[PDB]
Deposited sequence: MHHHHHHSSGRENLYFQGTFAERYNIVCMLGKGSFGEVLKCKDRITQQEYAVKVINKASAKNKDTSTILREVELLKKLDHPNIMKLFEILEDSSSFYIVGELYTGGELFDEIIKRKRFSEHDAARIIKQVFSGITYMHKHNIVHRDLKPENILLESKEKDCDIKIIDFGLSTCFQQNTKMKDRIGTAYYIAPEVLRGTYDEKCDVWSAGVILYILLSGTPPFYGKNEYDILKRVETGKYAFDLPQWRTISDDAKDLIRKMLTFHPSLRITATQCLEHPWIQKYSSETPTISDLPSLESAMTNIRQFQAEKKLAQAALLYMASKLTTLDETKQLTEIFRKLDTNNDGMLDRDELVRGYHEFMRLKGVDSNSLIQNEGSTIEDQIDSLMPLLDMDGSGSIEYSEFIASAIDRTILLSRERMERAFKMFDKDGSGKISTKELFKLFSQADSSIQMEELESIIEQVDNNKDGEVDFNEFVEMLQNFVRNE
């Protein structure tokens, strides 16, 4: 293991993507799977503001964030000079450029975008994370596909690392930030500035230079005076007023943003007849997952949450969204119950008849499933738990994906897994699992 580095053994660097946020962002490629990722490279000696143990602890919390509108981080690796934070690669660019292209958005299109921002920030705040610098430049489009998910990026590292003059940041900061305070309410203000911009195409606190912009922000004074505001609904203006309330104690919370009537009016996404092949696929797979042993169940969640790409989960992602009726990015018990009933209704099948055919009602079925699906016991089914349980068990098992999952466990690199490193089947009887027996082990879970 002497001539093998953690990052360098696993990943090849392809090209530079960006510079600035504590370090450079590169595209990299997994040498086994050929899957592409973004990696942020942070210099240890220049940038560290805390011991490595603190940094690894806080980055681990960031890795556990599991929400469809928050940057997915897979790992943090290190060599003698750097930290390498490896994450999902998004290819649709900054929301900022979508503002430039479109100039401004209909209420419908604005609601769909800002709803995702609200859902993401809500989840962040529930996990005691404040963004601090929320703006369209730190929100990325997942891909170039129409109405793809947005992804909040570039937060969470500010206590750990020290940074090295970017245009337009002044537009988004809450007045209390000028007094040296960043709290959860400052994220709500920034989001409201974004929404003001989506609907009108112009910042609420505007000027030709940073001096004049900050003067207006300080007063908290804005108006809906521009001509374009006369054809925007009172409901949208009500939300904005609630978000750009001067005193943070009177300003609404992110959850209140997410729950606002104007948001709910433009989030009617729900299972239709076209979704039935997709729902039936998901239900078959989740039922199999329920029947599988917890060792199988745990091992599949690891594989799905780390080694799958966007194209593969895009289908399950749309279903997830249609089941997520409160738009918070996770599925609760009642959402799964309502989703099952709706699946039956759309299919032409009476749910009262499940008590004789299968032996129990939809509610009893979901209630028995929850403890098996909610593996971290969070009270909800987050995205990766859903994907783990609903994806085709076969697609998860390309040889390349099993190889990588094997290398993650074989921590001493001897060619064979043992105990602690993660029951064993063992055909040759050495008390260890080489790769070929691992491949059977995982292909026995699938059975």
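Coordinate coverage of the deposited sequence breaks at 1-13, 178-181, 440-459, 485-486, these segments carrying no C-alpha atoms.
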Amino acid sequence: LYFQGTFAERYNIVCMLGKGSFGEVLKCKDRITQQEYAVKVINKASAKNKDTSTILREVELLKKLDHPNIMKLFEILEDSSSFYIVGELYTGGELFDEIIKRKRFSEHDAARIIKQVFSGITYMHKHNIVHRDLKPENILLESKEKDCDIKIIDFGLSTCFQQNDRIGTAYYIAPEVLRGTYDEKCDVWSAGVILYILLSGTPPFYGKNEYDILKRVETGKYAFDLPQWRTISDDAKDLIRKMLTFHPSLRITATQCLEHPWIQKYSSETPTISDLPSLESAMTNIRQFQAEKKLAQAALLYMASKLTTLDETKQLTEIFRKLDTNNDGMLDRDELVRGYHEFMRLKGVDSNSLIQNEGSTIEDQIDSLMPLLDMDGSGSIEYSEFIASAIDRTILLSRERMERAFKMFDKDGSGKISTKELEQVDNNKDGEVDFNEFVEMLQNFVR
From here on, numbers count along this sequence of modelled residues.
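Figure legend: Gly431 is marked as unmodelled in at least a third of the other comparable entries of the protein. Compared with other entries of the same protein, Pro136 falls outside the group left without coordinates by a third of them; all model it where both flanks are modelled. Looking at mean Cα B-factors across 126-134 and 217-225, the upper value is held by 217-225. When 190-198 is weighed against 203-211, 203-211 comes out higher, by mean CA B-factor as recorded in the entry. Listed residues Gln116, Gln163, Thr253, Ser106 were ranked by CA B-factor as deposited; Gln163 comes out on top. The PDB entry assigns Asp30 a C-alpha temperature factor belonging to the lowest third of its chain's modelled residues.
Ranked by C-alpha B-factor against the other modelled residues of its chain, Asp392 falls in the highest third. Ranked by Cα temperature factor within the chain, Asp66 sits in the lowest third according to the deposited record.
In the deposited entry, the Cα temperature factor of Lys48 sits in the middle third of values across the chain's modelled residues.
In this PDB entry, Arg57 carries a Cα temperature factor that places it within the middle third of its chain's modelled residues.
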